[PDB]
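Here's the structure, in structure tokens; my notes come after.
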Amino acid sequence: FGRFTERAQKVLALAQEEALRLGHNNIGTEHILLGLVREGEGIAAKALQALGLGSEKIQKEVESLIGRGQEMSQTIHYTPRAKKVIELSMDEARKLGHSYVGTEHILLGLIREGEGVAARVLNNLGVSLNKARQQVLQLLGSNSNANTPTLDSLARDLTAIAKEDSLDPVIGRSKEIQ
Amino acid sequence: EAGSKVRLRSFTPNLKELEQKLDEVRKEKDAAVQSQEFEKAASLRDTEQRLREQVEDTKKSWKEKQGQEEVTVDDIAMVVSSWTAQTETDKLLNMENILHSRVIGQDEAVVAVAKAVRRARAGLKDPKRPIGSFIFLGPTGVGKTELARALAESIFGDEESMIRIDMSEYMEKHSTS
Amino acid sequence: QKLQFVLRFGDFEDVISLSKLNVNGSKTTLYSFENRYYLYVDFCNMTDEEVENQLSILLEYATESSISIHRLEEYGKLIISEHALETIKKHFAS
Amino acid sequence: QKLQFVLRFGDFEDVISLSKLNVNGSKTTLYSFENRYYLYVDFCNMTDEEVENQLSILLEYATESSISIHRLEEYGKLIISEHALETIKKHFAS
């Protein structure tokens with residue numbers, strides 16, 4: 001529905017790889033989830049390895065709730081849920097200054113829209129929903145006297161703010177300055 | 001203005017009416033499925049969908065339109081045609097030809113004005129002063145006003161971009177314009 | 001634990017899609033209401049684990065509506081009874 | 001106790017400076033990110049006392065960033081692997 005990392009894009013198409021590997025006809029949130037733990041290298045992939053959720057443990061729950069397998073594969077499309085889940089990762093990244101979506105955000109985006117099959121795989125694999133958004137978080141991060149009070153915003157600090165190398169040109173009004 | 005006015009003009013074919021067609025088919029499809037009437041519809045799905053991938057290949061055929069808009073002045077100045085070169089100095093070099101087609105007789109006057117405008121308009125006169133300061137002498141109904149129009153039209157674009165005061169109104173110490 | 005649910009699909013094709021699978025020991029009935037299509041599922045005898053399971057799938061293709069099921073039985077519009085999924089698969093999957 | 005750390009230097013020259021010493025049983029790798037340079041240290045087998053010690057020195061020349069190390073391995077910019085210190089000493093100390 002836009003542009004993400006390779007890692008995102010691969011993980012997404014990778015849901016489809018899994019769409020069919022089981023023969024189902026719509027790729028729901030459950031396949032997006034298989035997609036993430038199966039590209040095994042995304043931050044999303046990495047996290048799942050934390051909660052104790054390899055591809056092994058997961059796919060067993062999933063096949064234990066759907067199984068084969070109408071090879072139909074009549075050029076498939078998404079679940080409306082998962083289409084929401086994608087619309088969401090886009091927002092779970094606006095919410096992070098991340099100019100582009102990727103493996104994490106999609107995992108972020110799933111938790112947010114918890115109603116669905118992925119979510120149940122885990123509330124079934126004894127992994128409440130918040131213990132999970134946590135694990136992804138603890139793998140990303142960031143980038144003073146009286147400033148305490150001042151330093152609301154109100155009213156941003158021209159000085160140290162442009163001390164961080166972070167400043168441009170700037171063209172004057174060069175004798176306007178002095 | 002243009003920092004949009006181009007992505008604007010970008011997303012402006014006659015491919016509207018298929019949308020309208022398409023619409024009722026889906027509709028026609030729905031009604032029958034709740035009547036079922038499946039086949040008598042599945043017909044209608046296999047049919048809505050032929051039109052789907054149809055329109056796409058002229059909307060994905062619209063990244064054919066991303067390409068055609070790229071940065072150069074091309075985009076910038078057309079912006080301006082609102083907010084305010086061969087056939088712009090040609091209006092000037094050929095002013096006489098141009099004023100003559102509207103003002104008849106009066107070549108004595110036209111050439112004087114043509115040249116004066118062309119002087120000022122070419123860099124020579126001081127810019128803080130009007131483009132031209134003239135006095136038109138002569139009898140009534142000869143072309144005095146008529147030349148002023150033709151000037152407005154040729155120079156400013158609109159035979160009607162012309163302010164006109166009647167000094168009969170300002171004969172006394174009440175002279176406050 | 002409850003063993004009967006009512007789900008709303010945004011567009012009808014969402015329902016066809018659901019059909020293209022396995023209903024399985026699942027009686028099911030389909031209404032039309034507020035232009036959106038609701039679908040009413042009834043599991044006879046299944047372990048709670050087995051149902052929380054199954055229901056997962058369904059909501060890949062729907063959401064679960066707060067709608068009082070008897071509102072439909074009265075003021076809805078019936079479309080297919082008991083074997084609601086099964087019928088759509090007939091007239092629509094190829 | 002943990003035996004791998006990620007430090008951020010304000011300006012690059014701070015890194016050269018660190019190089020001019022002894023890395024010592026210390027695998028180390030260096031990234032570039034947000035214009036500031038992060039450096040990733042990995043002690044193989046050392047007593048806790050031995051590591052809390054060594055790390056001291058490092059932070060005369062850096063600070064310790066809260067940054068998830070995997071953020072780097074993915075979204076960073078690699079500059080030198082495994083022997084990150086060692087390399088800067090070559091091309092920079094005299």
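Letters for chains follow the order of the structure tokens (A, B, ...), residue numbers begin at 1 for each chain, and ligand numbers begin at 1 in the order shown.
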Can you check which parts of chain A lie within 6 Å of chain D? Per residue, the shortest pair of atoms and distance in Å to one decimal, counting only C-alpha atoms, sorted by chain and number, as a Markdown table.
| residue | atom | partner | partner_atom | distance |
| --- | --- | --- | --- | --- |
| A:139 | CA | D:68 | CA | 4.6 |
| A:140 | CA | D:68 | CA | 5.1 |
| A:141 | CA | D:67 | CA | 5.3 |
Query - Test item: chain C residues at most 9 Å from chain B, counting only C-alpha atoms, as a VMD selection string - result: chain C and resid 12 31 to 32 77 to 80 87 to 88 90 to 94
Selection from above, N, CA and C atoms, as a tab-separated table (two decimals), in the first residue's frame, can you write it?
chain	number	residue	atom	x	y	z
C	12	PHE	N	-19.35	-7.07	0.56
C	12	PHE	CA	-19.80	-8.44	0.38
C	12	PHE	C	-18.70	-9.38	-0.05
C	31	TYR	N	-27.31	-12.35	6.98
C	31	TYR	CA	-28.27	-11.25	6.87
C	31	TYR	C	-27.69	-10.02	6.14
C	32	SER	N	-28.56	-9.14	5.67
C	32	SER	CA	-28.19	-7.88	5.06
C	32	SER	C	-28.88	-6.78	5.82
C	77	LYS	N	-32.59	-8.66	7.02
C	77	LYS	CA	-33.00	-9.20	5.72
C	77	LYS	C	-32.27	-10.52	5.49
C	78	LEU	N	-32.98	-11.63	5.59
C	78	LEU	CA	-32.37	-12.93	5.45
C	78	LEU	C	-31.87	-13.09	4.04
C	79	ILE	N	-30.77	-13.81	3.87
C	79	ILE	CA	-30.25	-14.10	2.54
C	79	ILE	C	-29.94	-15.59	2.35
C	80	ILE	N	-29.30	-16.21	3.33
C	80	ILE	CA	-29.05	-17.66	3.31
C	80	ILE	C	-29.11	-18.26	4.73
C	87	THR	N	-23.21	-22.01	0.67
C	87	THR	CA	-23.94	-21.59	-0.53
C	87	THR	C	-23.15	-20.59	-1.37
C	88	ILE	N	-22.44	-19.67	-0.72
C	88	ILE	CA	-21.71	-18.67	-1.47
C	88	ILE	C	-20.56	-19.32	-2.24
C	90	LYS	N	-20.58	-22.19	-3.57
C	90	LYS	CA	-21.17	-22.74	-4.78
C	90	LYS	C	-21.18	-21.72	-5.90
C	91	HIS	N	-21.93	-20.63	-5.73
C	91	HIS	CA	-22.16	-19.70	-6.83
C	91	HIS	C	-21.05	-18.69	-7.10
C	92	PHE	N	-19.89	-18.84	-6.46
C	92	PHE	CA	-18.89	-17.78	-6.56
C	92	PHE	C	-17.40	-18.17	-6.71
C	93	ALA	N	-16.95	-19.21	-6.02
C	93	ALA	CA	-15.58	-19.70	-6.21
C	93	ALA	C	-15.44	-20.38	-7.57
C	94	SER	N	-15.01	-19.62	-8.57
C	94	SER	CA	-14.89	-20.14	-9.93
C	94	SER	C	-16.25	-20.55	-10.48
Requested in this report: May I have the residues within 12 Å of residue 62 (chain A) as a ChimeraX atom specification, using only C-alpha atoms and disregarding those fewer than 2 positions away in the same chain?
Outcome: /A:18-19,22,24,28-34,55-60,64-68,117-122,124-125 /C:50,53-54,56-57
Apply DSSP to the structure's backbone, then extract all residues of region 31-86 of chain C labelled helix (DSSP H, G or I) and return them as a PDB file with C-alpha atoms, in the first residue's frame.
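Output contents, as saved in result_12.pdb:
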ATOM      1  CA  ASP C  48     -13.549 -23.524  24.241  1.00  0.00           C
ATOM      2  CA  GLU C  49      -9.975 -23.820  22.989  1.00  0.00           C
ATOM      3  CA  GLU C  50     -11.354 -25.126  19.719  1.00  0.00           C
ATOM      4  CA  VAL C  51     -13.718 -22.209  19.288  1.00  0.00           C
ATOM      5  CA  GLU C  52     -11.544 -19.309  20.398  1.00  0.00           C
ATOM      6  CA  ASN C  53      -9.346 -20.922  17.770  1.00  0.00           C
ATOM      7  CA  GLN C  54     -11.773 -21.111  14.885  1.00  0.00           C
ATOM      8  CA  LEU C  55     -13.204 -17.650  15.549  1.00  0.00           C
ATOM      9  CA  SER C  56      -9.737 -16.275  15.016  1.00  0.00           C
ATOM     10  CA  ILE C  57      -9.912 -17.152  11.338  1.00  0.00           C
ATOM     11  CA  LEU C  58     -13.292 -15.552  10.856  1.00  0.00           C
ATOM     12  CA  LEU C  59     -12.134 -12.188  11.979  1.00  0.00           C
ATOM     13  CA  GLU C  60      -9.341 -12.153   9.384  1.00  0.00           C
ATOM     14  CA  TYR C  61     -12.316 -11.573   7.101  1.00  0.00           C
ATOM     15  CA  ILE C  69     -28.714 -11.032  17.285  1.00  0.00           C
ATOM     16  CA  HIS C  70     -32.550 -10.812  17.647  1.00  0.00           C
ATOM     17  CA  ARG C  71     -32.524  -7.380  16.014  1.00  0.00           C
ATOM     18  CA  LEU C  72     -31.557  -9.198  12.838  1.00  0.00           C
ATOM     19  CA  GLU C  73     -33.979 -12.140  13.300  1.00  0.00           C
ATOM     20  CA  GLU C  74     -36.694  -9.502  13.408  1.00  0.00           C
ATOM     21  CA  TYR C  75     -35.621  -6.321  11.557  1.00  0.00           C
ATOM     22  CA  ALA C  84     -24.713 -19.601   4.608  1.00  0.00           C
ATOM     23  CA  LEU C  85     -21.072 -20.031   3.859  1.00  0.00           C
ATOM     24  CA  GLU C  86     -21.471 -23.201   1.928  1.00  0.00           C
TER      25      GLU C  86
END
**Report entry** Residues within 7 Å of residue 6 (chain C), only C-alpha atoms, excluding chain neighbours under 2 positions, as a PyMOL selection string
**Finding:** chain C and resi 8+38-41+64-65+69
Store the residues picked out above in a file with C-alpha atoms, as a PDB file, in the first residue's frame.
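Here's the written file selection28.pdb:
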ATOM      1  CA  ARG C   8     -20.144  -7.706  10.078  1.00  0.00           C
ATOM      2  CA  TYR C  38     -23.750  -9.446   8.956  1.00  0.00           C
ATOM      3  CA  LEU C  39     -23.087 -13.234   9.288  1.00  0.00           C
ATOM      4  CA  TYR C  40     -24.316 -15.426  12.180  1.00  0.00           C
ATOM      5  CA  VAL C  41     -22.190 -18.416  13.276  1.00  0.00           C
ATOM      6  CA  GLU C  64     -17.486  -8.950  15.646  1.00  0.00           C
ATOM      7  CA  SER C  65     -20.618  -6.742  15.892  1.00  0.00           C
ATOM      8  CA  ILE C  69     -28.714 -11.032  17.285  1.00  0.00           C
TER       9      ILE C  69
END
Report task. From a DSSP calculation on the backbone, collect every residue of region 58-94 of chain C in strand (DSSP E) and output the set as a ChimeraX atom specification. Result -> /C:63-64,78-80
Query raised in the report: Could you name the residues that touch residue 130 (chain A) at 10 Å or less, counting only C-alpha atoms, but leaving out those on the same chain fewer than 5 positions away, as a ChimeraX atom specification?
Result: /A:111-112,135
Report task. Have a look at B:91, B:59, B:119, B:65 and name the one nearest to residue 15 (chain B); count only C-alpha atoms. Result ->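 Between B:91, B:59, B:119, B:65, the residue approaching residue 15 (chain B) most closely is B:59.
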Query - 12 Å contact set for residue 112 (chain B), only C-alpha atoms, chain neighbours under 2 positions out, as a PyMOL selection string - result: chain B and resi 95-96+99+106-110+114-119+132-136+147
Keeping N, CA, C and O atoms, export the residues of the selection given above as an mmCIF file, in the first residue's frame.
data_model
loop_
_atom_site.group_PDB
_atom_site.id
_atom_site.type_symbol
_atom_site.label_atom_id
_atom_site.label_comp_id
_atom_site.auth_asym_id
_atom_site.auth_seq_id
_atom_site.Cartn_x
_atom_site.Cartn_y
_atom_site.Cartn_z
ATOM 1 N N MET B 95 4.698 47.931 -31.840
ATOM 2 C CA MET B 95 3.655 48.732 -31.238
ATOM 3 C C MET B 95 2.871 49.591 -32.214
ATOM 4 O O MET B 95 1.654 49.677 -32.143
ATOM 5 N N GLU B 96 3.579 50.283 -33.086
ATOM 6 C CA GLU B 96 2.926 51.164 -34.028
ATOM 7 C C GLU B 96 1.925 50.380 -34.886
ATOM 8 O O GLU B 96 0.783 50.783 -35.021
ATOM 9 N N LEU B 99 -0.977 49.721 -32.409
ATOM 10 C CA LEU B 99 -1.785 50.885 -32.084
ATOM 11 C C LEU B 99 -2.504 51.416 -33.323
ATOM 12 O O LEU B 99 -3.569 52.007 -33.231
ATOM 13 N N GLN B 106 -3.754 59.982 -37.005
ATOM 14 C CA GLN B 106 -2.883 60.106 -35.839
ATOM 15 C C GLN B 106 -1.521 59.364 -35.809
ATOM 16 O O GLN B 106 -1.063 59.011 -34.729
ATOM 17 N N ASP B 107 -0.861 59.154 -36.952
ATOM 18 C CA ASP B 107 0.470 58.547 -36.950
ATOM 19 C C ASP B 107 1.481 59.453 -36.254
ATOM 20 O O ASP B 107 2.380 58.970 -35.577
ATOM 21 N N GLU B 108 1.318 60.766 -36.401
ATOM 22 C CA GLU B 108 2.159 61.727 -35.689
ATOM 23 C C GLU B 108 2.207 61.303 -34.208
ATOM 24 O O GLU B 108 3.290 61.078 -33.669
ATOM 25 N N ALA B 109 1.037 61.152 -33.576
ATOM 26 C CA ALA B 109 0.934 60.747 -32.153
ATOM 27 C C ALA B 109 1.431 59.351 -31.786
ATOM 28 O O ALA B 109 2.189 59.199 -30.831
ATOM 29 N N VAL B 110 0.962 58.334 -32.502
ATOM 30 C CA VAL B 110 1.371 56.948 -32.261
ATOM 31 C C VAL B 110 2.876 56.731 -32.200
ATOM 32 O O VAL B 110 3.367 56.065 -31.287
ATOM 33 N N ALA B 114 4.718 55.207 -29.054
ATOM 34 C CA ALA B 114 5.496 53.996 -29.286
ATOM 35 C C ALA B 114 6.949 54.122 -28.815
ATOM 36 O O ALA B 114 7.434 53.287 -28.043
ATOM 37 N N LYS B 115 7.628 55.171 -29.271
ATOM 38 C CA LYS B 115 9.045 55.340 -29.032
ATOM 39 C C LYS B 115 9.317 55.661 -27.573
ATOM 40 O O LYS B 115 10.343 55.246 -27.018
ATOM 41 N N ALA B 116 8.377 56.366 -26.946
ATOM 42 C CA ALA B 116 8.549 56.808 -25.552
ATOM 43 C C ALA B 116 8.406 55.661 -24.596
ATOM 44 O O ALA B 116 9.127 55.563 -23.615
ATOM 45 N N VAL B 117 7.434 54.810 -24.882
ATOM 46 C CA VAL B 117 7.172 53.648 -24.084
ATOM 47 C C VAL B 117 8.358 52.750 -24.244
ATOM 48 O O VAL B 117 8.918 52.249 -23.281
ATOM 49 N N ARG B 118 8.739 52.557 -25.486
ATOM 50 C CA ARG B 118 9.872 51.727 -25.802
ATOM 51 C C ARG B 118 11.170 52.260 -25.173
ATOM 52 O O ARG B 118 12.055 51.491 -24.854
ATOM 53 N N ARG B 119 11.287 53.568 -24.988
ATOM 54 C CA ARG B 119 12.442 54.112 -24.282
ATOM 55 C C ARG B 119 12.409 53.654 -22.837
ATOM 56 O O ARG B 119 13.305 52.971 -22.380
ATOM 57 N N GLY B 132 5.286 56.393 -18.628
ATOM 58 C CA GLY B 132 5.121 57.474 -19.588
ATOM 59 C C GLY B 132 4.265 58.593 -19.034
ATOM 60 O O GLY B 132 3.243 58.359 -18.393
ATOM 61 N N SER B 133 4.698 59.823 -19.253
ATOM 62 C CA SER B 133 3.913 60.996 -18.881
ATOM 63 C C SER B 133 3.657 61.740 -20.180
ATOM 64 O O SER B 133 4.605 62.213 -20.796
ATOM 65 N N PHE B 134 2.402 61.828 -20.612
ATOM 66 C CA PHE B 134 2.084 62.556 -21.838
ATOM 67 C C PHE B 134 1.008 63.607 -21.647
ATOM 68 O O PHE B 134 0.252 63.573 -20.680
ATOM 69 N N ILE B 135 0.952 64.542 -22.590
ATOM 70 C CA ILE B 135 -0.178 65.450 -22.729
ATOM 71 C C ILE B 135 -0.743 65.322 -24.136
ATOM 72 O O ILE B 135 -0.009 65.393 -25.118
ATOM 73 N N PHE B 136 -2.048 65.111 -24.238
ATOM 74 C CA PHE B 136 -2.656 64.913 -25.533
ATOM 75 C C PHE B 136 -3.410 66.172 -25.918
ATOM 76 O O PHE B 136 -4.398 66.529 -25.278
ATOM 77 N N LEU B 147 -6.598 56.269 -28.033
ATOM 78 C CA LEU B 147 -5.213 55.830 -27.984
ATOM 79 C C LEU B 147 -4.922 55.316 -26.578
ATOM 80 O O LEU B 147 -4.241 54.311 -26.418
#
Excluding residue 44 (chain D) and residues on its chain fewer than 6 positions from it, collect all residues at most 8 Å away from it, counting only C-alpha atoms, and give them as a short mmCIF file (atom, residue, chain, number, x, y, z; two decimals) with N, CA, C and O atoms, in the first residue's frame.
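Just written: selection-v5.cif:
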data_model
loop_
_atom_site.label_atom_id
_atom_site.label_comp_id
_atom_site.auth_asym_id
_atom_site.auth_seq_id
_atom_site.Cartn_x
_atom_site.Cartn_y
_atom_site.Cartn_z
N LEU D 3 28.11 -8.16 28.97
CA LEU D 3 29.48 -8.05 28.50
C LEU D 3 29.56 -7.52 27.07
O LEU D 3 30.46 -7.88 26.34
N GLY D 25 41.71 -7.92 24.17
CA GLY D 25 40.73 -8.98 24.28
C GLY D 25 39.37 -8.45 23.97
O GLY D 25 38.36 -9.00 24.40
N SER D 26 39.35 -7.37 23.21
CA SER D 26 38.12 -6.68 23.00
C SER D 26 37.80 -6.61 21.54
O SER D 26 38.44 -5.88 20.80
N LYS D 27 36.82 -7.39 21.12
CA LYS D 27 36.27 -7.26 19.78
C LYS D 27 35.48 -5.97 19.79
O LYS D 27 34.88 -5.65 20.80
#
Query raised in the report: What is the distance between CA of residue 27 (chain A) and CA of residue 78 (chain A), in Å to one decimal?
Result: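 So the answer is 4.9 Å.
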Report task. Would you mind reading off the distance between CA of residue 1 (chain A) and CA of residue 90 (chain A), one decimal, in Å? Result ->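 Computing it gives 9.2 Å between the two atoms.
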Query raised in the report: For the atom pair CA of residue 102 (chain B) and CA of residue 142 (chain B), what is the interatomic distance in Å to one decimal place?
Result: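 The value is 12.2 Å.
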